[PDB]
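**Q** Next up is a structure, given as structure tokens.
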Amino acid sequence: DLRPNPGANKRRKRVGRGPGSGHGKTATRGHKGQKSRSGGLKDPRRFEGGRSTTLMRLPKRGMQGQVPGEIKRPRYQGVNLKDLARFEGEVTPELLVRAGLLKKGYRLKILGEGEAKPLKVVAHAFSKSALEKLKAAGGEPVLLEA
Amino acid sequence: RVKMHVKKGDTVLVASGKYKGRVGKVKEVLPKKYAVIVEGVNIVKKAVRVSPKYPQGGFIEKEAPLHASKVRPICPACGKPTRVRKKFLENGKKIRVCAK
Amino acid sequence: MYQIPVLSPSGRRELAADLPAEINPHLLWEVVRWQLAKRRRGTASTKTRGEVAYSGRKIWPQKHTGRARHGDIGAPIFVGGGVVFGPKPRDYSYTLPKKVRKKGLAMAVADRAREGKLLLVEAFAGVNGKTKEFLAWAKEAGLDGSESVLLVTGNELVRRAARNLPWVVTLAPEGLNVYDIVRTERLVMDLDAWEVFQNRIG
Amino acid sequence: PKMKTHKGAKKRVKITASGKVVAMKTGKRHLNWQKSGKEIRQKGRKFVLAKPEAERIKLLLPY
RNA sequence: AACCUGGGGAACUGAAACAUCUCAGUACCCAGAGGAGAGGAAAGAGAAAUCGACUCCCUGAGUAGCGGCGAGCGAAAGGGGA
RNA sequence: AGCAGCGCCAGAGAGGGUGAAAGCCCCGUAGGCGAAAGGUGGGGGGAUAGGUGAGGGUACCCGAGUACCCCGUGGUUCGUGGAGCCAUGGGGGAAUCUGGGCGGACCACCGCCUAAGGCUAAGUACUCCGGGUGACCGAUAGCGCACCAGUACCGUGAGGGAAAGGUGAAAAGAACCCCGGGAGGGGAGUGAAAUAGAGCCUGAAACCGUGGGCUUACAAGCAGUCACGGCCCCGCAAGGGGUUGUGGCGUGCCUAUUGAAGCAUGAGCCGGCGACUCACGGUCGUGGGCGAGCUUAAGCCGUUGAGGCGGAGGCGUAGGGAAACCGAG
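Residue numbers (the authors' numbering), protein chains in the order written: chain AL15, 5 to 150; chain AL24, 2 to 101; chain AL04, 6 to 207; chain AL35, 2 to 64.
Structure (structure tokens):
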């Protein structure tokens, strides 16, 4: 295999669409031809009409923020035991993030449905659901403390 | 600096163009333009007299400045490139196997 | 595939290779495009109608003059005045998934394998950096100059040798790239250099 | 560069797991007086928008 | 030349008007500094009985939050590196 | 220098010049040497300046119109907001560690910290300056300036601001003769080329002319176009071209518009310049790689067009709810 003919495997053609020509996208060039077509208009994303977007919908999301802001609070991480029962052993928060479900939320909350395992699953919070299925499996220690 | 070139006023061969093979004694190197002169190039200057002083100036066909890359020096052989060995004292040039 | 020729004093032996089976056209190309644009140097430069060394004055009145209508002699419709959408120094590079450069390096190397243009060597009896030495050596190994070759050893002396040769491109074992395996017709490298590529994927 | 989540948006809309923009019902906080119980209740709900709903999701996304 | 710190400090403009806001401490004026300048041994950071001068890059993060809660504005610790 | 015959160096086959296309002719290139002088320099060595201990008793000391409070303010993500903190214009005004600040009005507890003195390398920015390189420009481009340009020239002045590069391998730059006062030509000559003859390589279009073929002085027009005829022209032949007499038909271009040949817009003509780009972030689509995983950012090392390491972080796996919380609810 040589350098003649790697060629973007027939399907990616960079074929841009330069619209300054005589036939095709032309004259007005791109979808224009009218007016209010200079350096662009006001949005349209959210804003416009000149009436009231729809900013008529009203805030409810109170507790939106004082002036200090966000409070130092634990952040329990939900993770289905069915997603745990994959690998085996004595699973802990450590062994959990050490995989691909957590990303340092510190607090873990094994829960959900499926089939628990007869293993030990150290965690920061269970669900009354997981707790019992798991009692019907092996053991389970609560959190450490603070 | 480094304008120093192949050679000086002496016996030099010509592998140039129209004078390929002509060998003469080069009587003037002009480092300002990288061109020498032997007995080879000899275009006829039709002009009268170069400078107003003196009667007529002769149809002098005298040597014309040749480009130096078209001239190779020569000693007991037929013209080599110029390596340079050194003594216990000063330093001059020795060709591909000979001297001087 | 599994059949890679090995050159030694004990004679001719073979190794077993765990290189990739099926080769992916595109994938090997994307890897090259990357390689060929990360090295690209964003330099082409042009001046807008402001970076332009002109002054600003309204050239003439705009009203009752009879003449066209112009602001400054900088306007891009003017001549000499700033280009419109002129190329400005940029970074023609992107971050290609590492999981891909490999699958490329692995497919090129595995290509010459399937084309019999690979050669693993040990006995570099063409020692001490003297191209003369290398050329009486390549001979014994087959390399006649007909095919462009990629040399890849961690041995400077070995490098220096074929280093100036026109039909070969020298290289450290680390350098191996999904472009310079697709330049050469062949690929020769130290039994230690394949012991360090197969260390990355093998 | 790096668009800013329209702040005035998120302060009054939430986007659901599916992707439909849920919004708070308008018409309860001022017009009131004696609006039939059946009124101020059916207003306590949230709900869906439609085509502007898609304009909304355009204003966030980092969120 | 440009960059830097401090002293001063615009309006167009955007808000599809326009005052708060924006443009912005930008433009420019001034003074001073040097190959840099500034910054710097915590009356620090802020929730870990824990980090530990400063500077910069990456990130945190368009997050916390600020805003005729409109236009828009926009951090810090912590983590990664110099 | 090419084509060819046979050779050769390569730690050098980057590049450039040589009358064209040179690894080998030239300058270089790779490799390795070099400073009386000035400059630079903890990278190394040496020295100094300056620095190092416990317990106990005493109650001395520990940065003042400052802290702190209030009024007017700025900085900060903070626009007076529940408005702290740092900074300070105005007023009042401490304490020496059983002291003072801060932990977002405030109080209590508990923790952080030593204001009101000062200096500190490094990482950092920059590009007049020198060097390297370019999926940068190639004379209407690239700096305004390739050139005797911040000049000519315009403005009182601040200030503004051009155009203009090319013979040739070598001046070998046309002796002499001829017409002519000169300019300028005609021969001769140089040169491979002179229709490369000097603003001279290439020489396009508009535009101006000279010779020839066809054609026009009863003919009415967006100039073209069908049809036939005559003439002139290449061709054995059939045919092809040039022109255009007669008949038929025929409302320029763009733009702007309900509507244009329009007595609406714009263009004398030709040549050159001239307008949907780029960064970052989205949202589709698409081609791929990997997949309950996907992926690095800055950098570190390496390279001198060589990539690799770097999981910080990011998006994804659980949602609901204003939150506390709960959770396939």
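Think of the CB as a built atom: it goes at the ideal place given N, C-alpha and C, for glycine as much as any other residue.
Taking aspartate 96 (chain AL04) as the reference, which of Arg205 (chain AL04), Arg191 (chain AL04) and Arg44 (chain AL04) has the closest Cα?
**A** Closest by alpha carbon: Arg44 (chain AL04).
**Q** For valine 126 (chain AL04) and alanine 18 (chain AL35), what's the separation of their Cα atoms in angstroms?
**A** Cα to Cα, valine 126 (chain AL04) sits roughly 59 Å from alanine 18 (chain AL35).
**Q** Assuming contact is defined by CB atoms lying nearer than 8 Å, are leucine 112 (chain AL15) and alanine 89 (chain AL15) in contact in what I supplied?
**A** Cβ distance not < 8 Å, so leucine 112 (chain AL15) and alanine 89 (chain AL15) don't count as in contact.
**Q** Rounding to the nearest angstrom, what Cα-Cα distance links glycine 61 (chain AL04) and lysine 5 (chain AL35) in this structure?
**A** Each residue's alpha carbon lies about 35 Å from the other.
**Q** In three-state terms, what does DSSP make of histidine 75 (chain AL04)?
**A** Correct three-state label for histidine 75 (chain AL04): strand.
**Q** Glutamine 81 (chain AL15) bridges to which residues according to DSSP?
**A** Answer is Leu112 (chain AL15), bridged to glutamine 81 (chain AL15).
**Q** State the CB to CB distance for the pair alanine 48 (chain AL24) and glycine 58 (chain AL24), rounded to an integer number of angstroms; the pair is presumed to be in contact (CB under 8 Å).
**A** Correct: roughly 7 Å between the Cβ atoms.
**Q** Which chain AL04 residues sit within Cβ distance under 8 Å of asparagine 84 (chain AL15)?
**A** The contacting residues do not exist; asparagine 84 (chain AL15) stays about 27 Å from chain AL04 at best.
**Q** Which residues does DSSP list as the beta-bridge partners of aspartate 195 (chain AL04)?
**A** Paired residue(s): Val126 (chain AL04).
**Q** According to DSSP, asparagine 92 (chain AL24) sits in a beta bridge with which residue or residues?
**A** DSSP lists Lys87 (chain AL24) as partners of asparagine 92 (chain AL24).
**Q** Using only the alpha-carbon positions, how far apart do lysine 46 (chain AL15) and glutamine 70 (chain AL15) sit?
**A** Roughly 32 Å separates the two Cα atoms.
**Q** Taking C-alpha atoms, which residue in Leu100 (chain AL15), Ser25 (chain AL15) and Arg49 (chain AL15) lies nearest to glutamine 81 (chain AL15)?
**A** Checked all of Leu100 (chain AL15), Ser25 (chain AL15) and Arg49 (chain AL15); the closest Cα to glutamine 81 (chain AL15) is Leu100 (chain AL15).
**Q** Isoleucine 114 (chain AL15) to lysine 15 (chain AL35), Cα distance in whole Å?
**A** C-alpha separation (whole angstroms): 27 Å.
**Q** Is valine 89 (chain AL04) near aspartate 5 (chain AL15), with beta carbons less than 8 Å apart?
**A** No.
**Q** What would DSSP say about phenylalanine 48 (chain AL35), mapped onto helix, strand or coil?
**A** If DSSP states are grouped into helix, strand and coil, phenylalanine 48 (chain AL35) belongs with the strands.
**Q** Taking all protein chains shown into account, decide if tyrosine 55 (chain AL24) is buried (16 or more other Cβ within 10 angstroms of its Cβ) or exposed.
**A** Classification for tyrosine 55 (chain AL24): exposed.
**Q** Closest by CA to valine 85 (chain AL24), which one among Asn43 (chain AL24), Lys34 (chain AL24) and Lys101 (chain AL24)?
**A** Ranking the options by Cα distance to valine 85 (chain AL24), first place goes to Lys101 (chain AL24).
**Q** Does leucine 59 (chain AL15) pass the burial test, meaning 16 or more other C-beta atoms within 10 Å, or should it be called exposed?
**A** Result: exposed.
**Q** Under three-state DSSP, which class holds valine 105 (chain AL04)?
**A** In this structure, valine 105 (chain AL04) counts as helix in the three-state DSSP scheme.
**Q** Using the rule of at least 16 other Cβ atoms within 10 Å of the residue's Cβ for burial, across every protein chain shown, is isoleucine 75 (chain AL15) buried or exposed?
**A** It counts as exposed.
**Q** Indicate whether the contact test is met: 3 or more Cβ pairs, each with one atom in the segment 167-177 of chain AL04 and one in the segment 130-145 of chain AL04, closer than 8 Å.
**A** Judged by Cβ distances under 8 Å, the segment 167-177 of chain AL04 makes contact with the segment 130-145 of chain AL04, as three or more pairs qualify.
**Q** Looking at the C-beta of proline 122 (chain AL15), does it have a partner C-beta in chain AL04 at a distance below 8 Å?
**A** Not one chain AL04 Cβ lies under 8 Å of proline 122 (chain AL15).
**Q** Is the CB of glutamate 56 (chain AL35) under 8 Å away from at least one CB in chain AL15?
**A** Yes, contact with chain AL15.
**Q** Can you tell me whether DSSP reads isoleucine 9 (chain AL04) as helix, strand or coil?
**A** Strand.
**Q** In the DSSP assignment, what are the bridge partners of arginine 50 (chain AL24)?
**A** Partner(s): none; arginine 50 (chain AL24) has no beta bridge.
**Q** Alpha carbons only, please: which of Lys36 (chain AL15), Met67 (chain AL15) and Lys17 (chain AL15) is nearest the one belonging to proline 23 (chain AL15)?
**A** Among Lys36 (chain AL15), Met67 (chain AL15) and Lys17 (chain AL15), the Cα nearest to that of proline 23 (chain AL15) is on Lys36 (chain AL15).
**Q** I'd like the list of long-range same chain contacts for residue 3 (chain AL04), defined as Cβ closer than 8 Å, with 5 residues on each side in sequence excluded.
**A** Outside the displayed range of chain AL04 (6 to 207) lies residue 3 (chain AL04), so it cannot be described from this structure.
**Q** By the three-class DSSP mapping on this structure, what secondary structure does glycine 25 (chain AL24) have?
**A** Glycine 25 (chain AL24): strand per DSSP, three-state reduction.
**Q** Within this structure, are the beta carbons of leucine 20 (chain AL04) and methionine 6 (chain AL04) separated by less than 8 Å?
**A** For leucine 20 (chain AL04) and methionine 6 (chain AL04), no; Cβs fall outside 8 Å.
**Q** From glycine 18 (chain AL24) to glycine 150 (chain AL04), what distance separates their C-alpha atoms?
**A** Spanning the two alpha carbons is a distance of roughly 35 Å.
**Q** For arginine 18 (chain AL15), return the contacting residues in chain AL04, with the cut-off set at a CB-CB distance below 8 Å.
**A** The premise fails here: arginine 18 (chain AL15) is roughly 11 Å from chain AL04 at the closest Cβ pair, so nothing lies under 8 Å.
**Q** Mind checking which residues open and close the beta strand (DSSP E) that includes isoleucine 16 (chain AL35)?
**A** Taken as a continuous stretch (DSSP letters only), the beta strand (DSSP E) holding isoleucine 16 (chain AL35) covers 14-16.
**Q** Measuring only between beta-carbons, confirm whether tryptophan 34 (chain AL04) sits less than 8 Å from chain AL15.
**A** So, interface residue.
**Q** Just list the alpha helix (DSSP H) runs in the segment 6-70 of chain AL04, keeping only unbroken ones of 4 residues or longer that don't cross its boundaries, in chain order.
**A** You should have 30-43.
**Q** So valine 187 (chain AL04) contacts chain AL15; which residues on that side make the cut at Cβ distance below 7 Å?
**A** Going along chain AL15 in sequence order, the residues near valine 187 (chain AL04) (Cβ under 7 Å) are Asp5, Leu6 and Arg7.
**Q** Can you tell me whether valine 193 (chain AL04) sits near the ligand MG, meaning its C-beta is under 7 Å from at least one heavy atom of the ligand?
**A** The model depicted lacks the ligand MG and carries no ligand whatsoever.
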